[PDB]
Amino acid sequence: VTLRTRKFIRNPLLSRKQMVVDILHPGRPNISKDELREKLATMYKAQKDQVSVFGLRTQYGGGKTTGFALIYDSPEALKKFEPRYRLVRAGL
Amino acid sequence: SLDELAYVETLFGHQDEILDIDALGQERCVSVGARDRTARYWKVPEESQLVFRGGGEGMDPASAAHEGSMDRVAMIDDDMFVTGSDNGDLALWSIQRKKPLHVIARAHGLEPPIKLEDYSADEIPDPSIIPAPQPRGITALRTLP
Amino acid sequence: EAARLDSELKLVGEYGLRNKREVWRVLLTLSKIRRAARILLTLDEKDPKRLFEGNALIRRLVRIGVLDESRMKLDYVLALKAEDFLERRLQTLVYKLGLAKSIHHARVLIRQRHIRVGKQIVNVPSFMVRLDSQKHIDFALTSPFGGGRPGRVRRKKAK
Amino acid sequence: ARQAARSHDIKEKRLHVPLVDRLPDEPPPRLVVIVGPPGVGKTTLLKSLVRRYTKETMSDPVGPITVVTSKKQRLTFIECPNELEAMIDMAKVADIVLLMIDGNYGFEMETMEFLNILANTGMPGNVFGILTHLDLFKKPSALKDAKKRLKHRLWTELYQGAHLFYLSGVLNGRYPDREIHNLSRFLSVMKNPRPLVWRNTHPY
Amino acid sequence: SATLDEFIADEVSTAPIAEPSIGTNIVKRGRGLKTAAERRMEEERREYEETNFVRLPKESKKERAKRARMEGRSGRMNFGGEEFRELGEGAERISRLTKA
Amino acid sequence: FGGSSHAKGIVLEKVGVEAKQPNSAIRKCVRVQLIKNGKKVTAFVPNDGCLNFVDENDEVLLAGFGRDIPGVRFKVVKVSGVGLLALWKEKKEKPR
Amino acid sequence: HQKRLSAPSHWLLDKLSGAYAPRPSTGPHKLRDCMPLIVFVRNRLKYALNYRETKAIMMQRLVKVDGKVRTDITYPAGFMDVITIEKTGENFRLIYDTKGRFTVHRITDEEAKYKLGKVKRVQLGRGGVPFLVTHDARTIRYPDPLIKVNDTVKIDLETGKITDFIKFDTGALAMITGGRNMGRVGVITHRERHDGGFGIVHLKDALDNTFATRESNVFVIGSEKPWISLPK
Amino acid sequence: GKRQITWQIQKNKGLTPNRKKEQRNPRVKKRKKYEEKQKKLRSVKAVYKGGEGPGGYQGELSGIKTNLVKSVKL
RNA sequence: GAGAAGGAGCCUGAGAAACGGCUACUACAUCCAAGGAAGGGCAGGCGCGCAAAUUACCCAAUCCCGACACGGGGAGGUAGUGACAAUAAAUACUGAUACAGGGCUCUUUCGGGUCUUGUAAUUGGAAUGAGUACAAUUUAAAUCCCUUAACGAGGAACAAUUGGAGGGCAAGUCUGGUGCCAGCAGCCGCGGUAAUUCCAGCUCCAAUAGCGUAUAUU
């Protein structure tokens, strides 16, 4: 259930904020990235509609999962800067 | 992690039961086990170890004892530390070298030799036979960061 | 070659392996090693190639703890054999470290993944061990010996 | 050397018995048996085949349906009903036999029965198998495993390295067109009937 | 020169080498124990993966065939934790460097 | 023989089914015709109730003999496209 | 459609960028004397991630190369071109290392406003007008008359006018932009004419290593006068 | 309302000769043959088998023949 | 390097003597209402009547072209088959009780050797992957992997084979011969198929996820 965000970059010119996001569910089942976007709306004080996470490789032996969360300054910035398949995976 | 009160990770590599561990404000460890005479500097979030083996090397020569076990550790700064072995050995070490920087034997001297009165139940107490004293060695260590 | 027959059988029986395939395979490993030993004797003493390559190979062998920390010379490098390679074979460590009553029970345990070395559980009983790791072998948390769930038979008997 | 050995092995397999041919210069329409279990859509295969060959949807195709597919030759497609008796009829007739197999169900007894009777009375020219109703599978691993095992069993029953095509769904209520197309591709590339003494001595 | 590199790495260099932990470098349920060089290669793969934090396709068929070909043609065997070269021209390089 | 390992043949006309004793080699001989030349040679079948499988004018494949009519050379492995030991372990029946 | 292995080695690229490398568009700089802008931003400076990412960032007017916005993705940025990005507000110059590979200097507008461009050729154009062609293929109408070949010129880059010049001088620190000893910072100490073609100079470093380099591939930077701040 | 096939025709063994557990696992068969051979060895030569009994010595618990020499004559 | 049915001539463009086109000649060859009219590629399957690797999917990444942020890309990468090899490895673990008394081995054999072994006995324990699988993830989308909740071994089953040696037989069959013999072997017997439950699943040996046989032969 616990999280860390190493290697965070502002990306001001792409208007996006990039953290190497490590999420750890010890003994819990897998993650539900949409719930992760909900949680990271709160974790970095945003809304769920301008955040998008991909990557999401759970390590060997369960628990830790490495993902890549992208926080845009606007959901429209996400719309203009986001990949098509990533948008429809988010549900837009 | 006490913040969520959970287990996060373990580390193995110790041939002995680990006797002592010291730490600092960074994400590292140092951990000594006894009969291997070995300190281990744990690089925690990358999960590596740095092995450090002691090999202990006007008095009777027999009383001088090598590094029997490896009892206490004190991490002083990010790069040096010290070990205390129960044969009275006090050894400053560097991360940068494989070798101890500086060890001193009989850090608390030798033990008092026992009486002939309790060593032998003889009406004649003879010092011709008597064991050599063992080195009064380290039970505990501390340092301030 | 009835001697070949009985010798291979005694190898398996003393260490309860499965077939002469696996036994011949470990013998092939030994053959490559003793080939190395022969070559490094063919170069004469105090030669630099000999010094560094032989020091290397001896460090390799003592790193996997097969050749003893006592004896550290090319003579004993020649003198090693299959019983020693089987000694550092893994399942033997479960039996000689007192978790499984029998070598076969150890084989079954390794199948259903109850022991680990360091972190990860192991399934292959021919995972060679290292001298530096061999004492760090215990049950995993998910196995009822180590804990976790009590098991399916305890589950059904409670049912 | 090894060239000579391999080549004489090749001619060795190139040998058979010397039987006489008796096929007229305008040979009759060679026959395709359609055969499967009950509830298999024997009917559906007939429908989709005749549409691919004739552009004409038959809402209820029965009987011997005869179709040209090359300037040399032509076929009569005919299914068996669900009786062993008509199965033995079309068995003693046949020259090429499509056998259709049910997927998630496994094998049907009449399927193996007919396989046996065709085996005894004679292996004709060509036999192919179509594994069908494949969209009754949630699990890709399950589907691929079933394909593997039924391939192996059908191989040792039929002969080594057989021909077993796959038919995924039922699209318009008709079939998948690409699958039935390359099916027609492999079956229209034709070979002479194989000389069974019955079909080279008598009239039928 | 690799044997020489290992000797100067451990024996004469008064600087201890970082060892990875025991259970981490087990590859697939025990079917692999990671050696130092390709373990470093794994580290290089992961550090590139976190540089641009992109995902990769796991090694494609051509590089797979290539490295398996090098293995099948290669005089090096990964017995346990260690690698084992054969004893031809690398050792002759040792001989040449020592004459130098 | 010849230049290849196996050879093909028709079986011509069985002798030795008039053979009196059950399992004598003069039951188990059979007369094959070598196709590559047209020869008439003499081959074995490894059991009586499988000689029963070899019927006249059914494709028959012969091969060597390695080990009471001493020195017959040939025995028969695949019958009509299926192996003899197969038929006689009753794996797959005979296609003619 | 060339390979990543056929890509030249002075602009760097790892083993994971796919087998192909983009070819640079034609322009002021030469083909093998180019690092494309995408290779700059996302492969060397990693500011974007994808082809379409870099594409979009350049479709919007956010970057200006040498004071002018550039939109084509593979524009030639060969040597000591200044690149401003106003969002971070940082400018970059493109030099070599001692190893002969591309290096990028972060810089502000104070040093970024000018360019030390190497003169290629002076001529007398139509209307008899003297003009100047520099290494950046920039022409200048009516230069100062003293500047002949093998001199460099400090250029305004906003009006683009002459701001200074350094004469070709055996006694001036120079930079190597070609050949087998490419990218070696040292002082011109001698020059041999070799009239008949391919004359050279003798150039020692700061630490007593003399070597013979061709006046074609030489490039002066200043007598001492580090007019562009080399990284320490 | 269909008709299944059986294990037989799914695995056309037919007229194979029948075998045992001991054969069917080639792990087990070299366990027992190793056991019985080691038992077979316990006929000819002499194995060590621990010390004298923990309760004590109890005679040569299976007889002594006098007139039997088991010495290799060198 | 040479070519886009064959020679000859011509046409655009920055770049072609594109093989892109036109024209003639030649040569096929299509439809036709007979007057006309268009047109010439690779891939595949057979190639004896008998045979063995997808007719998968996407431009997601990298790269390329255009009025051009979007469009298109036969590069590229994703997936499927596999005893041709090669790799790791299941098809079981372990008591307790009862009972039986031989089990086995051999130079040297009408003779010796060594001591706990077996039982198709009764029962107790645990252990579980293969299959099955909710999901979540992965991905262009899928799949695989990692995780992972839940089902999930008592033999007659979640059914290991190929190969050779040998033992035992009938109210059965046949070939010899100075009665009982001796051979060959023998799925056949009197009856009997919903009948029979027997060497009750015989013994040995080798390799066992494989292994034989012919031929050439070294």
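Colleague: Hey, could you go over the overall build of chain B for me, with residue numbers and the actual values?
Modeller: Secondary structure summary: chain B contains one helix and eight strands in total. Starting at the N terminus and ending at the C terminus, chain B contains elements arranged as β-β-β-β-β-β-β-β-α. Here chain B has a C-alpha radius of gyration of 19 Å; the compact-globule value for 145 residues is 15 Å, and the former is much larger. With respect to the principal axes defined by its C-alpha atoms, chain B has extents near 70 × 30 × 30 Å.

Colleague: Can you tell me about the protein's contact with RNA strand I, naming the residues and giving the values?
Modeller: Residues in close proximity to RNA strand I total 116 residues, the closest being C:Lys20, C:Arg21, H:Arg24, H:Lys29 and H:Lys33. Within 4 Å of the protein, the contacting atoms of RNA strand I are drawn from sugar and phosphate to the extent of 73%. Between RNA strand I and C:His105, the relevant distance is 3.3 Å, taken from a sugar or linking oxygen to a side-chain nitrogen or oxygen of the residue. Between RNA strand I and C:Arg107 there is a distance of 3.4 Å, counted from a phosphate oxygen to a side-chain nitrogen or oxygen. Across the surface near RNA strand I, the residue classes break down as 32 nonpolar, 35 polar and 49 charged.

Colleague: Can you explain the sheet that holds strand β2 (residues 63-65) of chain G? Please cite residues and give values.
Modeller: All names here are of chain G. With antiparallel pairing, the five strands of this open sheet are ordered in space as β3-β2-β5-β6-β7. With one partner strand each, in any of the chains shown, β3 (68-69) and β7 (102-107) form the two edges of the open sheet. Note that strand β6 (residues 90-96) and β7 share six bridges and pair antiparallel. The residue bridging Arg93 from the neighbouring strand is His105, located in β7.

Colleague: Outline the sheet that holds strand β1 (residues 19-20) of chain E, supporting the account with residue identities and numerical values.
Modeller: Spatially, five strands are ordered β1(B)-β2(B)-β3(B)-β4(B)-β1(E) in an open sheet, and the strand pairing comes out antiparallel. Pairing within the sheet leaves two strands with one partner each, and these edge strands are β1 (18-22) of chain B together with β1 of chain E. As paired elements, β1(B) and strand β2 (residues 28-33) of chain B share four bridges and run antiparallel to each other. Looking at β2(B), one finds that B:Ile21 is bridged to B:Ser31.

Criteria and cut-off values
Residues numbered from 1 in each chain as written, not as in the entry; some residues may be left out. Chains lettered and ligands numbered in written order. Part of a larger assembly, values for the part shown. Heavy atoms only, no water. Residues with missing side-chain atoms left out of burial classes, pairs and counts. Helix = DSSP H or I, 4+ residues; strand = E, 2+ residues; numbered from the N terminus. Rg over C-alpha atoms; globule rule 2.2 N^0.38 Å. Near = heavy atom within 4 Å. Polar contact = N/O pair within 3.5 Å; in protein donor to acceptor, adjacent residues only side chain to side chain. Nonpolar A, V, L, I, M, F, W, Y, C, P; charged D, E, K, R; others polar. Pairing = 2+ DSSP bridges.

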